[PDB]
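**Q** Quick one: the structure is below, and I'll ask about it shortly.
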Ligand SMILES: [Zn+2]
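Residue numbers (the entry's author numbering), protein chains in the order written: chain B, 1 to 75; chain A, 5 to 313.
This is the structure in structure tokens:
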């Protein structure tokens, strides 16, 4: 299946995923397509933070869903 | 000589150590109020003092789990290593709250602590209860070191307030917290979601609680644009988060907020609290103003029970 990831700059990325994929693999694909390291990535779905251990199916992410990619702050 | 060993600083275990052999040879990794004593041989001055050791038998493992609610083998070494620094920080009272003077990139921890002192929250691990009580009393070294340890952040490392609060909420009893959302698509209809615990009190994407009550536009998978709005909230607070952006804080409309000045690579946190006026706490520094505009990243609001109309 395909999903979309909206970046802070507003850019929309397309990712090929499976509902069994973990959030870590999604961040790995995002790094492959953009270079943003997985340590800095924070994935949001409808305003909730997604954790690395759980899968797309755990968060009820169906086809063509749109996640948002934000970055960790370094304060 | 007689010494005491401990893992929780409450239950003490009498040990007789040979002063001709190091602590390391007798106990494994050993700490005296955060100081690494593994390679030191007992001093006469050590008599009767309490030393932390690692949980190296079942009894200590049980005591540690009951006190800290963790079984990370490295948790206690990380806690002691944090404490060795945090015991040297200063904790001034600023506008009636315990803050932290600037050191070792601790602005995010100072903001976290200030926030915690303004919202109703009860910790589950005895360690956090005890350290938070002392920190509110003004002795926050242990509390800050525990925060660092639980969050797997070393002393000096750049920290994010949002992540820290997420971690701390994981160790708080927020299970009764409940959030009901509705998403309305003119094609697809309505969809309710229920969130419990941490997911019930945290939102990433807007700073405005009011806007979340009124509705935010999000994509529907059908391709249209659906409206997501808050149907019900049961919690003693909410945290609204977004990437830092210029935002006006108005007296009386929020509890407290975090300000981040800088960029994704480098930056600084300040705390804003809404009291009789708006106070900006920057470590030891305190200023006031009747209005506030700045690069806000997190806003906290009081809550009890909300039901949409
Ligand atoms: Zn739709």
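Where is the CB? At the ideal position from N, CA and C, for every residue including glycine.
Quick one: is residue 5 of chain B near chain A, going by C-beta distance under 8 angstroms?
**A** Chain A, which has no Cβ nearer than 8 angstroms to the Cβ of residue 5 of chain B, makes this no.
**Q** Taking 7 angstroms as the line, does the beta carbon of residue 228 of chain A fall inside it for any heavy atom of ligand 1?
**A** Residue 228 of chain A Cβ: within cutoff of ligand 1.
**Q** Would you say residue 105 of chain A and residue 94 of chain A are within 8 angstroms of each other, going by their C-beta atoms?
**A** Result yes, Cβ atoms of residue 105 of chain A and residue 94 of chain A sit closer than 8 angstroms.
**Q** Along the chain, where does the alpha helix (DSSP H) that runs through residue 152 of chain A open and close?
**A** From DSSP, the alpha helix (DSSP H) with residue 152 of chain A extends over 145-154.
**Q** Can you tell me which of the three DSSP states residue 73 of chain A falls into?
**A** Residue 73 of chain A falls in the coil class under three-state DSSP.
**Q** Quick check on residue 214 of chain A - is its C-beta less than 8 angstroms from some C-beta in chain B?
**A** Chain B, which has no Cβ nearer than 8 angstroms to the Cβ of residue 214 of chain A, makes this no.
**Q** What residue ranges within the region 37-69 of chain A form continuous beta strand (DSSP E) runs of no fewer than 3 residues, ordered along the chain?
**A** Whole beta strand (DSSP E) segments, 3+ residues: 54-57.
**Q** Below 8 angstroms on the Cβ atoms is my contact criterion, and I expect residue 165 of chain A with residue 181 of chain A to pass it. Report the Cβ-Cβ distance as a whole number of Å.
**A** Rounded, the Cβ-Cβ distance is 19 angstroms, inconsistent with contact.
**Q** Distance, Cα to Cα, residue 58 of chain B vs residue 24 of chain B?
**A** Answer to the nearest angstrom: the Cα atoms are 13 angstroms apart.
**Q** Could you please tell me which residues of the region 228-251 of chain A, in chain order, have their CB closer than 8 angstroms to any CB of chain B?
**A** Under the 8 angstroms Cβ criterion, the region 228-251 of chain A contributes 232, 247 and 248.
**Q** What residues from chain B crowd round residue 222 of chain A, counting only those whose CB sits closer than 8 angstroms?
**A** Those within 8 angstroms of residue 222 of chain A in chain B are 46 and 66.
**Q** Is residue 165 of chain A close to chain B? Criterion is C-beta to C-beta, closer than 8 angstroms.
**A** For residue 165 of chain A, the answer is yes, since a Cβ of chain B falls inside 8 angstroms of its Cβ.
**Q** Below 8 angstroms on C-beta distance, what does residue 272 of chain A contact in chain B?
**A** Neighbours of residue 272 of chain A on chain B, chain order: 75.
**Q** Which residue spans inside the region 219-272 of chain A form an unbroken alpha helix (DSSP H) run of at least 4?
**A** As far as the region 219-272 of chain A is concerned, it has no whole alpha helix (DSSP H) run of at least 4 residues.
**Q** Using a 10 Å radius around the Cβ and a threshold of 16 neighbouring Cβ atoms, would you call residue 52 of chain B buried or exposed?
**A** Flag for residue 52 of chain B reads exposed.
**Q** Return the first residue and the last residue of the alpha helix (DSSP H) that residue 89 of chain A is part of.
**A** Its alpha helix (DSSP H) spans residues 79-90.
**Q** Alpha carbon to alpha carbon, what distance is there between residue 224 of chain A and residue 107 of chain A?
**A** Each residue's alpha carbon lies about 46 angstroms from the other.
**Q** On the criterion of 16 or more Cβ atoms from any shown chain inside 10 Å, does residue 61 of chain A qualify as buried, or is it exposed?
**A** Residue 61 of chain A should be labelled exposed.
**Q** Apart from the five residues on each side of it in sequence, which residues of its chain come closer than 7 angstroms, Cβ to Cβ, to residue 213 of chain A?
**A** Same-chain partners within the cutoff: 242, 244 and 305.
**Q** Is residue 192 of chain A close to ligand 1? I mean its beta-carbon at under 7 angstroms from any heavy atom of the ligand.
**A** Checking the Cβ of residue 192 of chain A against ligand 1 gives yes.
**Q** For residue 47 of chain A, count neighbouring Cβ atoms within 10 angstroms of its own Cβ and tell me buried if that reaches 16, exposed if not.
**A** Under this definition residue 47 of chain A is an exposed residue.
**Q** Going by Cα to Cα distance, which pick from A:258, A:275, A:6 and A:20 is closest to residue 307 of chain A?
**A** Nearest option by C-alpha distance: A:258.
**Q** What separation, rounded to the nearest whole angstrom, lies between the Cα atoms of residue 79 of chain A and residue 154 of chain A?
**A** Near 8 angstroms, if we compare the C-alpha coordinates of residue 154 of chain A and residue 79 of chain A.
**Q** Let me see if you follow: with CB-CB separation under 8 angstroms, is residue 31 of chain B close to chain A or not?
**A** No - not a single Cβ of chain A is within 8 angstroms of the one on residue 31 of chain B.
**Q** Excluding the five sequence neighbours on either side, which residues of its own chain have a C-beta within less than 6 angstroms of the C-beta of residue 297 of chain A, listed in chain order?
**A** Hits under 6 angstroms: 252.
**Q** Within 8 angstroms (strictly less), CB to CB, does residue 41 of chain B reach chain A?
**A** For residue 41 of chain B, the answer is no, since every Cβ of chain A falls outside 8 angstroms of its Cβ.
**Q** Taking 7 angstroms as the cut-off, is the C-beta of residue 148 of chain A nearer than that to any heavy atom in ligand 1?
**A** It does not: the Cβ of residue 148 of chain A is nowhere closer than 7 angstroms to a heavy atom of ligand 1.
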